[PDB]
file my_file.csv (CSV, C-alpha atoms and all ligand atoms)
chain,number,residue,atom,x,y,z
A,1,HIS,CA,411.5,8.1,164.4
A,2,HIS,CA,414.1,7.8,161.6
A,3,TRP,CA,413.7,7.7,157.8
A,4,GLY,CA,412.4,4.7,156.0
A,5,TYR,CA,409.9,3.8,153.3
A,6,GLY,CA,406.6,3.6,155.3
A,7,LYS,CA,403.6,5.9,155.2
A,8,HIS,CA,405.0,8.0,158.1
A,9,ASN,CA,408.7,8.1,157.4
A,10,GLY,CA,408.8,7.5,153.6
A,11,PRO,CA,410.1,9.6,150.7
A,12,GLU,CA,407.5,12.3,151.1
A,13,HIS,CA,408.8,12.9,154.6
A,14,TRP,CA,412.5,13.0,154.1
A,15,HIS,CA,412.7,16.7,153.2
A,16,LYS,CA,412.0,17.6,156.9
A,17,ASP,CA,415.3,16.2,158.1
A,18,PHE,CA,417.1,16.5,154.8
A,19,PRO,CA,416.0,19.8,153.0
A,20,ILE,CA,418.2,18.9,150.0
A,21,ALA,CA,415.4,16.4,149.1
A,22,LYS,CA,413.8,19.3,147.2
A,23,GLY,CA,417.1,20.2,145.7
A,24,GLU,CA,418.2,21.0,142.1
A,25,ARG,CA,419.8,17.7,141.2
A,26,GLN,CA,417.9,15.0,143.0
A,27,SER,CA,417.7,11.3,142.0
A,28,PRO,CA,416.2,9.2,140.7
A,29,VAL,CA,414.6,10.6,137.6
A,30,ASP,CA,412.5,9.4,134.8
A,31,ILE,CA,414.6,8.8,131.7
A,32,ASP,CA,412.7,10.2,128.7
A,33,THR,CA,414.4,8.2,125.9
A,34,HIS,CA,413.2,10.6,123.2
A,35,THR,CA,414.6,13.7,125.0
A,36,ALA,CA,417.9,12.1,125.9
A,37,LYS,CA,420.6,13.1,123.4
A,38,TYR,CA,423.5,11.0,122.1
A,39,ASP,CA,426.8,12.6,123.3
A,40,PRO,CA,429.9,12.2,121.1
A,41,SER,CA,432.2,13.6,123.8
A,42,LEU,CA,431.6,10.6,126.0
A,43,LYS,CA,434.5,8.2,126.1
A,44,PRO,CA,434.1,4.4,126.1
A,45,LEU,CA,432.9,3.2,129.5
A,46,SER,CA,435.4,1.0,131.3
A,47,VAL,CA,434.2,-1.4,134.1
A,48,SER,CA,437.2,-3.3,135.6
A,49,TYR,CA,436.0,-5.7,138.2
A,50,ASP,CA,438.4,-8.6,137.7
A,51,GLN,CA,440.3,-7.8,141.0
A,52,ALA,CA,437.3,-7.0,143.1
A,53,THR,CA,437.4,-8.1,146.7
A,54,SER,CA,434.1,-8.5,148.5
A,55,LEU,CA,434.2,-8.7,152.3
A,56,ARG,CA,430.7,-9.1,153.7
A,57,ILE,CA,427.0,-8.6,153.2
A,58,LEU,CA,424.9,-6.4,155.6
A,59,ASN,CA,421.2,-5.8,156.2
A,60,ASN,CA,421.2,-2.1,157.2
A,61,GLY,CA,417.4,-1.9,157.7
A,62,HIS,CA,416.9,-0.2,154.3
A,63,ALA,CA,418.5,-2.7,151.9
A,64,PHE,CA,421.4,-5.1,152.0
A,65,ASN,CA,424.9,-4.1,151.1
A,66,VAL,CA,427.7,-6.2,149.6
A,67,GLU,CA,430.8,-4.3,150.7
A,68,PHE,CA,434.2,-4.4,149.1
A,69,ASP,CA,437.8,-3.8,150.1
A,70,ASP,CA,438.5,-0.4,148.6
A,71,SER,CA,441.9,0.2,150.3
A,72,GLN,CA,443.6,-0.4,147.0
A,73,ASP,CA,443.0,0.3,143.3
A,74,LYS,CA,441.1,-2.9,142.4
A,75,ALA,CA,437.5,-2.7,141.1
A,76,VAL,CA,437.3,0.6,139.2
A,77,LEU,CA,435.0,2.4,136.9
A,78,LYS,CA,436.3,5.0,134.4
A,79,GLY,CA,435.7,6.5,131.0
A,80,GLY,CA,432.3,7.5,129.7
A,81,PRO,CA,431.3,10.8,131.4
A,82,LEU,CA,433.9,10.3,134.1
A,83,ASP,CA,437.1,12.1,134.6
A,84,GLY,CA,439.6,10.0,136.5
A,85,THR,CA,439.2,6.7,138.4
A,86,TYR,CA,436.2,5.8,140.6
A,87,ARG,CA,436.6,2.9,143.0
A,88,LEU,CA,433.9,0.3,143.9
A,89,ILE,CA,432.9,0.4,147.5
A,90,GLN,CA,429.6,-1.5,147.7
A,91,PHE,CA,426.5,-2.5,145.9
A,92,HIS,CA,422.8,-2.9,146.9
A,93,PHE,CA,419.4,-3.2,145.3
A,94,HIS,CA,416.0,-1.5,145.5
A,95,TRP,CA,413.0,-3.7,144.8
A,96,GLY,CA,409.2,-3.9,145.0
A,97,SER,CA,406.5,-5.9,146.6
A,98,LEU,CA,405.3,-6.9,143.1
A,99,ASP,CA,407.2,-7.4,139.8
A,100,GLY,CA,405.5,-4.3,138.4
A,101,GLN,CA,407.4,-1.9,140.5
A,102,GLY,CA,410.7,-1.6,142.4
A,103,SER,CA,413.2,0.4,140.3
A,104,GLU,CA,414.1,4.0,141.2
A,105,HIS,CA,414.9,5.3,137.8
A,106,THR,CA,412.2,4.7,135.2
A,107,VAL,CA,412.4,4.6,131.4
A,108,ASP,CA,409.6,6.5,129.6
A,109,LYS,CA,407.8,6.0,132.9
A,110,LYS,CA,408.2,2.2,132.9
A,111,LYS,CA,409.2,0.8,136.3
A,112,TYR,CA,411.3,-2.4,136.5
A,113,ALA,CA,411.1,-5.1,139.2
A,114,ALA,CA,414.3,-3.9,140.8
A,115,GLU,CA,417.4,-1.8,140.4
A,116,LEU,CA,421.1,-2.6,141.3
A,117,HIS,CA,423.4,0.2,142.4
A,118,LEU,CA,427.2,-0.3,142.2
A,119,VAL,CA,428.6,2.6,144.2
A,120,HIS,CA,432.0,4.1,143.4
A,121,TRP,CA,434.0,7.1,144.8
A,122,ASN,CA,436.4,9.4,143.0
A,123,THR,CA,439.9,8.4,144.0
A,124,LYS,CA,441.2,12.0,143.6
A,125,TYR,CA,439.4,12.6,147.0
A,126,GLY,CA,441.2,10.0,149.0
A,127,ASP,CA,438.2,8.3,150.6
A,128,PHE,CA,434.4,8.0,150.5
A,129,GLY,CA,433.8,10.5,153.3
A,130,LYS,CA,435.7,13.2,151.5
A,131,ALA,CA,434.2,12.3,148.1
A,132,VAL,CA,430.7,13.0,149.4
A,133,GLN,CA,431.6,16.6,150.0
A,134,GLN,CA,432.3,17.0,146.3
A,135,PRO,CA,430.0,17.7,143.2
A,136,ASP,CA,431.8,14.8,141.3
A,137,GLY,CA,432.7,12.7,144.3
A,138,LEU,CA,430.6,9.6,143.3
A,139,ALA,CA,429.6,7.5,140.4
A,140,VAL,CA,426.8,5.0,140.7
A,141,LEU,CA,426.3,2.4,138.0
A,142,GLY,CA,422.6,1.5,137.9
A,143,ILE,CA,421.3,-1.7,136.3
A,144,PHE,CA,417.6,-2.6,135.9
A,145,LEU,CA,416.3,-6.0,136.8
A,146,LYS,CA,413.3,-7.6,135.1
A,147,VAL,CA,411.8,-11.0,136.0
A,148,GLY,CA,412.3,-13.8,133.6
A,149,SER,CA,415.2,-16.3,133.4
A,150,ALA,CA,417.4,-16.6,136.5
A,151,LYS,CA,420.7,-14.7,136.8
A,152,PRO,CA,423.4,-17.3,137.7
A,153,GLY,CA,425.8,-14.7,139.1
A,154,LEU,CA,423.2,-13.5,141.6
A,155,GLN,CA,422.4,-16.8,143.3
A,156,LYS,CA,425.3,-16.6,145.7
A,157,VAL,CA,423.8,-13.4,147.0
A,158,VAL,CA,420.3,-14.8,147.1
A,159,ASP,CA,421.5,-17.8,149.1
A,160,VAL,CA,423.1,-15.8,151.9
A,161,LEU,CA,420.1,-13.6,152.6
A,162,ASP,CA,418.6,-16.1,155.1
A,163,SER,CA,421.6,-15.4,157.3
A,164,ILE,CA,421.0,-11.6,157.4
A,165,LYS,CA,417.2,-11.5,157.6
A,166,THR,CA,416.9,-8.6,160.0
A,167,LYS,CA,418.3,-5.1,160.5
A,168,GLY,CA,421.9,-5.1,161.8
A,169,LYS,CA,422.9,-8.6,160.8
A,170,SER,CA,425.9,-9.2,158.6
A,171,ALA,CA,427.8,-12.2,157.2
A,172,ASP,CA,431.1,-12.9,155.7
A,173,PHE,CA,430.8,-12.6,151.9
A,174,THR,CA,434.2,-13.0,150.2
A,175,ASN,CA,435.1,-13.9,146.7
A,176,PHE,CA,431.9,-12.6,145.1
A,177,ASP,CA,432.5,-11.5,141.6
A,178,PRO,CA,430.2,-8.5,140.6
A,179,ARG,CA,431.0,-9.1,136.9
A,180,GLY,CA,428.2,-11.8,137.1
A,181,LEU,CA,425.6,-9.1,137.6
A,182,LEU,CA,426.3,-7.1,134.4
A,183,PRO,CA,424.3,-7.3,131.2
A,184,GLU,CA,425.8,-7.9,127.8
A,185,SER,CA,425.7,-4.2,126.6
A,186,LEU,CA,427.2,-1.2,128.3
A,187,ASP,CA,425.0,1.3,126.4
A,188,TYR,CA,423.9,3.9,129.0
A,189,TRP,CA,422.2,7.2,129.9
A,190,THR,CA,424.1,9.6,132.2
A,191,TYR,CA,423.1,12.7,134.2
A,192,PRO,CA,424.2,14.6,137.3
A,193,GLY,CA,422.3,13.5,140.4
A,194,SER,CA,422.2,12.5,144.1
A,195,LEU,CA,422.2,9.6,146.5
A,196,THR,CA,418.6,8.3,146.4
A,197,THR,CA,418.4,7.7,150.2
A,198,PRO,CA,419.1,10.2,153.0
A,199,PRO,CA,421.4,12.1,153.2
A,200,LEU,CA,420.5,12.5,149.5
A,201,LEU,CA,423.8,14.3,148.8
A,202,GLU,CA,424.2,15.7,145.4
A,203,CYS,CA,427.6,14.3,144.6
A,204,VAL,CA,426.7,11.6,142.0
A,205,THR,CA,427.3,11.1,138.3
A,206,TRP,CA,424.7,8.5,137.4
A,207,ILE,CA,425.3,5.9,134.7
A,208,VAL,CA,422.2,3.8,134.1
A,209,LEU,CA,422.5,0.9,131.7
A,210,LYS,CA,419.9,0.6,129.0
A,211,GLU,CA,419.9,-3.3,129.0
A,212,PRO,CA,418.3,-4.8,132.1
A,213,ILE,CA,419.5,-8.1,133.5
A,214,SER,CA,416.9,-10.9,134.0
A,215,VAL,CA,416.5,-12.5,137.4
A,216,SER,CA,414.0,-15.3,138.2
A,217,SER,CA,410.8,-14.9,140.2
A,218,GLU,CA,412.3,-17.2,142.8
A,219,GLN,CA,415.4,-14.9,143.2
A,220,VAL,CA,413.4,-11.7,143.7
A,221,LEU,CA,410.9,-13.5,146.0
A,222,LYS,CA,413.9,-14.2,148.3
A,223,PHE,CA,414.8,-10.4,148.3
A,224,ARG,CA,411.2,-9.9,149.6
A,225,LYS,CA,411.7,-12.2,152.6
A,226,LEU,CA,414.1,-9.8,154.2
A,227,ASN,CA,413.0,-7.6,157.1
A,228,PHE,CA,413.2,-3.8,157.7
A,229,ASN,CA,412.9,-4.5,161.4
A,230,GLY,CA,415.6,-5.9,163.7
A,231,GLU,CA,415.6,-9.3,165.3
A,232,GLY,CA,412.9,-9.9,167.9
A,233,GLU,CA,410.7,-7.1,166.5
A,234,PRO,CA,407.3,-7.4,164.6
A,235,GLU,CA,407.9,-8.4,161.0
A,236,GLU,CA,407.9,-5.6,158.4
A,237,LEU,CA,408.9,-7.2,155.1
A,238,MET,CA,411.6,-5.4,153.2
A,239,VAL,CA,409.8,-4.4,150.1
A,240,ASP,CA,409.3,-1.2,148.1
A,241,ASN,CA,412.5,0.3,149.3
A,242,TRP,CA,412.6,2.7,146.3
A,243,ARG,CA,412.3,6.4,146.0
A,244,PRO,CA,410.1,7.7,143.2
A,245,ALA,CA,411.2,9.8,140.3
A,246,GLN,CA,412.2,13.4,141.2
A,247,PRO,CA,412.1,16.7,139.1
A,248,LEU,CA,414.6,16.8,136.3
A,249,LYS,CA,414.8,20.6,136.7
A,250,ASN,CA,417.8,22.1,134.9
A,251,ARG,CA,419.4,18.9,133.7
A,252,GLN,CA,419.9,17.0,130.4
A,253,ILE,CA,420.3,13.3,130.2
A,254,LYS,CA,422.9,12.1,127.7
A,255,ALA,CA,423.0,8.8,125.9
A,256,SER,CA,426.1,6.9,125.0
A,257,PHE,CA,424.5,5.4,121.9
A,258,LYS,CA,422.5,6.6,118.9
B,301,LIG,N1,420.7,4.5,146.5
B,301,LIG,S1,422.1,5.3,146.4
B,301,LIG,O1,423.2,4.4,146.0
B,301,LIG,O2,421.8,6.5,145.6
B,301,LIG,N2,422.4,5.9,147.9
B,301,LIG,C1,422.7,4.8,148.8
B,301,LIG,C2,424.1,4.9,149.4
B,301,LIG,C3,425.2,4.4,148.8
B,301,LIG,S2,426.6,4.7,149.6
B,301,LIG,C4,425.8,5.6,150.9
B,301,LIG,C5,426.4,6.1,152.0
B,301,LIG,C6,425.5,6.8,153.0
B,301,LIG,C7,424.1,6.8,152.7
B,301,LIG,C8,423.6,6.3,151.6
B,301,LIG,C9,424.4,5.6,150.6
B,302,ZN,ZN,420.6,2.7,145.7
call {"tool": "encode", "arguments": {"input": "my_file.csv", "output": "structure tokens", "more": "lines below"}}
Ligand SMILES: NS(=O)(=O)NCc1csc2ccccc12
Ligand SMILES: [Zn+2]
result
Amino acid sequence: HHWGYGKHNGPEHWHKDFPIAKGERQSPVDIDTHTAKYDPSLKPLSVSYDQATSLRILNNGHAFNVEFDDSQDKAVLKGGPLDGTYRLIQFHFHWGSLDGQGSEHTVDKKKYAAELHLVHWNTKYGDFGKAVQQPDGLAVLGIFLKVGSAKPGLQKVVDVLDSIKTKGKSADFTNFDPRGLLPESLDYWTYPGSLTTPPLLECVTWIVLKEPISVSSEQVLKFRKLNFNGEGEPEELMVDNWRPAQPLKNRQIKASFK
């Protein structure tokens, strides 16, 4: 009986095994655009994914992860609210059963069809495991997805999902360039938060881009063909794998733009 997104093991149940679920800096949160304040101390955001090396894609029973080789200083995120260099380790998405829902963060309560999370760990900590024991160990770049025109840079991901339909399946996935998933603008909101899935560790500096990327209905429909279950088990479509907005508590969301 482990965590998931169903009625009996979903978000409202996680606190039992992970008490920090009711913590002081949980994610995601609703981004009240009028309450967010422009911050002049933020440095320009720098996303350097030119040397990124993807290795494989995996269905972990919650979402699918595109993992990268982070043994060297390649794909890195720095600047903005970040001090130092954060290295890309993997990315995944959260999506809904319908286009009207799916994202984790919301903007003035508006839910997008999906949300992309590019996960990075602070290199000052040596590795991902050590980073998640720190208050500033991680940086997650979140990007909203809306349904409209297709996103060319996403098709390669969409086309390999058939090979990892069920929990536990993985497939080689080299030479994928994550630059093809970024919107034109890097304007963003930032705040201190947590991982949105158990263990819900509060080690994240969130950077959520204001501009969403457009993906086609056909592309997101394929996300919804994935399974939460493993091979040979009853089919439970992988949809609505998002956690709802959590209490902002003692936090301020800062904007990189005016
Ligand atoms: N949705 S999320 O990125 O906030 N958390 C998802 C996640 C990324 S790396 C990692 C490692 C262990 C458990 C969960 C996770
Ligand atoms: Zn996520």
call {"tool": "residues_near_ligand", "arguments": {"input": "my_file.csv", "ligand": "ligand ZN 302 (chain B)", "cutoff": "12 Å", "atoms": "all atoms listed in the file", "output": "number ranges by chain"}}
result
A: 27-28, 62-65, 90-95, 102-105, 114-120, 139-144, 194-198, 200, 204, 206, 208, 241-244
call {"tool": "atom_distance", "arguments": {"input": "my_file.csv", "atom1": "CA of residue 246 (chain A)", "atom2": "CA of residue 132 (chain A)"}}
result
20.2 Å
call {"tool": "closest_residue", "arguments": {"input": "my_file.csv", "among": "A:25, A:222, A:146, A:1", "to": "residue 162 (chain A)", "atoms": "only C-alpha atoms"}}
result
A:222
call {"tool": "residues_around", "arguments": {"input": "my_file.csv", "residues": "residue 254 (chain A)", "least_positions_apart": "5", "cutoff": "12 Å", "atoms": "all atoms listed in the file", "output": "ChimeraX atom specification"}}
result
/A:31-42,80-81,187-192,205-210
call {"tool": "residues_around", "arguments": {"input": "my_file.csv", "residues": "residue 160 (chain A)", "least_positions_apart": "5", "cutoff": "12 Å", "atoms": "all atoms listed in the file", "output": "JSON, numbers by chain"}}
result
{"A": [56, 57, 58, 59, 64, 65, 66, 154, 155, 165, 169, 170, 171, 172, 173, 174, 176, 219, 222, 223, 225, 226]}
call {"tool": "closest_residue", "arguments": {"input": "my_file.csv", "among": "A:236, A:67, A:177, A:184", "to": "ligand LIG 301 (chain B)", "atoms": "only C-alpha atoms and all ligand atoms"}}
result
A:67
call {"tool": "closest_residue", "arguments": {"input": "my_file.csv", "among": "A:153, A:168, A:61, A:79", "to": "ligand LIG 301 (chain B)", "atoms": "all atoms listed in the file"}}
result
A:61
call {"tool": "closest_residue", "arguments": {"input": "my_file.csv", "among": "A:72, A:54, A:131, A:15", "to": "residue 3 (chain A)", "atoms": "all atoms listed in the file"}}
result
A:15
call {"tool": "atom_distance", "arguments": {"input": "my_file.csv", "atom1": "CA of residue 158 (chain A)", "atom2": "CA of residue 74 (chain A)"}}
result
24.4 Å
call {"tool": "closest_residue", "arguments": {"input": "my_file.csv", "among": "A:249, A:151, A:156, A:2", "to": "residue 30 (chain A)", "atoms": "all atoms listed in the file"}}
result
A:249
call {"tool": "closest_residue", "arguments": {"input": "my_file.csv", "among": "A:183, A:19, A:129, A:178", "to": "ligand LIG 301 (chain B)", "atoms": "only C-alpha atoms and all ligand atoms"}}
result
A:129
call {"tool": "atom_distance", "arguments": {"input": "my_file.csv", "atom1": "CA of residue 55 (chain A)", "atom2": "CA of residue 89 (chain A)"}}
result
10.4 Å
call {"tool": "residues_around", "arguments": {"input": "my_file.csv", "residues": "residue 166 (chain A)", "least_positions_apart": "6", "cutoff": "6 Å", "atoms": "all atoms listed in the file", "output": "compact mmCIF listing (two decimals) with C-alpha atoms, keeping the file's coordinate frame"}}
result
# COMPACT_ATOMS: atom_id res chain seq x y z
CA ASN A 227 413.00 -7.60 157.10
CA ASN A 229 412.90 -4.50 161.40
CA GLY A 230 415.60 -5.90 163.70
CA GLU A 231 415.60 -9.30 165.30
call {"tool": "decode", "arguments": {"input": "my_file.csv", "residues": "region 55-125 of chain A", "atoms": "C-alpha atoms", "output": "compact mmCIF listing (two decimals), in the first residue's frame"}}
result
# COMPACT_ATOMS: atom_id res chain seq x y z
CA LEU A 55 20.69 8.42 -21.10
CA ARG A 56 17.27 6.83 -20.83
CA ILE A 57 13.58 7.22 -20.15
CA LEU A 58 11.76 5.40 -17.35
CA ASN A 59 8.17 4.80 -16.21
CA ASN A 60 8.43 4.75 -12.40
CA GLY A 61 4.74 4.17 -11.78
CA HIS A 62 4.15 7.87 -11.01
CA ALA A 63 5.41 9.65 -14.12
CA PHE A 64 8.14 9.05 -16.68
CA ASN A 65 11.67 10.34 -16.18
CA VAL A 66 14.17 11.35 -18.83
CA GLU A 67 17.47 10.89 -16.96
CA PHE A 68 20.74 12.61 -17.76
CA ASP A 69 24.40 11.86 -17.18
CA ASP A 70 25.28 14.28 -14.36
CA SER A 71 28.77 12.92 -13.64
CA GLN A 72 30.23 16.03 -15.24
CA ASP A 73 29.49 19.72 -15.42
CA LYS A 74 27.31 19.77 -18.54
CA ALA A 75 23.67 20.91 -18.43
CA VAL A 76 23.54 23.54 -15.69
CA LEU A 77 21.22 26.13 -14.24
CA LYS A 78 22.60 29.21 -12.47
CA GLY A 79 21.89 32.89 -11.84
CA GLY A 80 18.48 34.19 -10.91
CA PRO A 81 17.84 33.40 -7.22
CA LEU A 82 20.53 30.72 -7.25
CA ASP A 83 23.93 30.89 -5.66
CA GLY A 84 26.33 28.63 -7.47
CA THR A 85 25.80 25.95 -10.09
CA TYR A 86 22.96 23.44 -10.20
CA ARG A 87 23.31 20.37 -12.42
CA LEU A 88 20.47 18.81 -14.45
CA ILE A 89 19.73 15.24 -13.36
CA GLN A 90 16.32 14.49 -14.93
CA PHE A 91 12.98 15.85 -16.06
CA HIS A 92 9.40 14.62 -15.92
CA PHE A 93 5.86 15.91 -16.26
CA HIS A 94 2.60 15.99 -14.31
CA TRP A 95 -0.58 16.00 -16.40
CA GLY A 96 -4.33 15.61 -16.17
CA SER A 97 -7.12 13.40 -17.46
CA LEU A 98 -8.56 16.48 -19.24
CA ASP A 99 -6.96 19.64 -20.67
CA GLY A 100 -8.53 21.74 -17.90
CA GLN A 101 -6.24 20.32 -15.21
CA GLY A 102 -2.84 18.74 -14.79
CA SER A 103 -0.36 21.34 -13.54
CA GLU A 104 0.81 21.43 -9.95
CA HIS A 105 1.53 25.12 -9.59
CA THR A 106 -1.39 27.35 -10.54
CA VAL A 107 -1.39 31.01 -11.64
CA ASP A 108 -4.17 33.06 -10.04
CA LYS A 109 -5.85 29.68 -9.49
CA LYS A 110 -5.64 28.78 -13.20
CA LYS A 111 -4.62 25.16 -13.85
CA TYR A 112 -2.70 24.31 -17.04
CA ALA A 113 -2.94 20.99 -18.91
CA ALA A 114 0.46 19.88 -17.65
CA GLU A 115 3.71 20.94 -16.02
CA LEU A 116 7.30 20.03 -16.89
CA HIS A 117 9.87 19.75 -14.09
CA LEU A 118 13.61 19.95 -14.89
CA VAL A 119 15.36 18.84 -11.70
CA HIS A 120 18.83 20.10 -10.75
CA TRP A 121 21.06 19.59 -7.73
CA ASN A 122 23.51 22.07 -6.16
CA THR A 123 27.03 20.99 -7.14
CA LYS A 124 28.50 22.27 -3.87
CA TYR A 125 27.01 19.14 -2.29
